[PDB]
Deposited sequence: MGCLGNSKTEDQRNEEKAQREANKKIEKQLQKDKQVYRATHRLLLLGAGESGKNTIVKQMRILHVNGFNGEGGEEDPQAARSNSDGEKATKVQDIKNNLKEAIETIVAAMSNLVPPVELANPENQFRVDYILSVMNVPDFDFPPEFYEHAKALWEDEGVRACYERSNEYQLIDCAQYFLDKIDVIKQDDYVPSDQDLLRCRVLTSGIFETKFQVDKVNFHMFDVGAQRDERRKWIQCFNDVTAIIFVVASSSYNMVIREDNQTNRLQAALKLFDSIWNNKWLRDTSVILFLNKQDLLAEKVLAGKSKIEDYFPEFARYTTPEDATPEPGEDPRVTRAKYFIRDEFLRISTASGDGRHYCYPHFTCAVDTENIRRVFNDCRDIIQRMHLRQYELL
């Protein structure tokens, strides 16, 4: 009875076409993992006619040790940072140095840019209490301070940026990079920043496939 054998081949050739059709949709979209310091949330946005797919695992536990391995083929990890700072630094350590996430780039987002301006002015909770090195940190002068903020805030922000970059450009020896950024509670251009950073990530990955960079 070769009828079953030919029907099986026909079904194979029917679902192979569907797999080919779904391959383009899978490849043309870019996955992102959003995490900070029903059970899973999916956000779909497109900018400049390229599709993105953002994820927010906020209905699970704090042991982000077994399911963080699922996000290794993701193009980038959006790390949002609001002693929560030290916890964020250690989480970024673990994410950077994980042997399965050695090829996944991280796009930082240092929020509370306007919230720290009043916090430093009040002086109730000095940053030097938690980070003693801040008492001798000077701005590298290759900065872009926005006219309207005292040098204290534009030094504080670059302090956390330098801490994260000290974590980043020190170890790992992997095909991945970190992209710091500063955001606020009123801007809506963060999607453009994510788009540009992802463009850079896939650009560098392609260049390294050609072994140029």
Sequence order list of spans that the model leaves without C-alpha positions, deposited numbering: 1 to 11, 49 to 204, 250 to 263
